[PDB]
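Presented below, as structure tokens, is a lone chain in the form solved without its partner chain.
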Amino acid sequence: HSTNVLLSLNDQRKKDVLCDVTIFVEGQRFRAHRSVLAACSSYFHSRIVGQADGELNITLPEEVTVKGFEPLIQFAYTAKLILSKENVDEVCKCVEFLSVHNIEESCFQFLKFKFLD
């Protein structure tokens, strides 16, 4: 539905063709579209809508990690997140930094609270 649409731009991005926005995270350049990021995060809508045309570059600040932003772009397209306990803290840090509303916190990290208690 809404899907099967986003799937097409996911297949485009995975093959690196017809991409508008380039994201820079600790040097590495990541390709993505405009509307997907604009619907994913307000931190991207604000910095996307102002500029205007073909090639837009957004450099995220230092505290964003390539192991935390490697996901959430998957999440923006596929609508699922990868949760490996080897790396959850940086994912949550990047989530709260970029202010993504799709993922709650008191309903998400409570698994660790339950396991510890």
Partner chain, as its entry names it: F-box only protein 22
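Positions refer to the first chain, counted from 1. Note that the rigid core is defined as the largest set of C-alphas that superpose within 1.5 Å between two forms. Shifts are known only where both forms have a C-alpha.
What comes next is about the form solved in complex with its partner chain, which is not displayed.
Interface residue remark: residue 104 is counted as part of the site for its partner chain in the bound PDB entry, having a heavy atom within 4.5 Å. No residues of 1-15 lie near its partner chain in the bound PDB entry, the criterion being any heavy atom within 4.5 Å. Superposition on the rigid core leaves 104-108 as the sole run of at least three consecutive shared residues whose Cα positions differ by 2 Å or more between the shown form and the other one.
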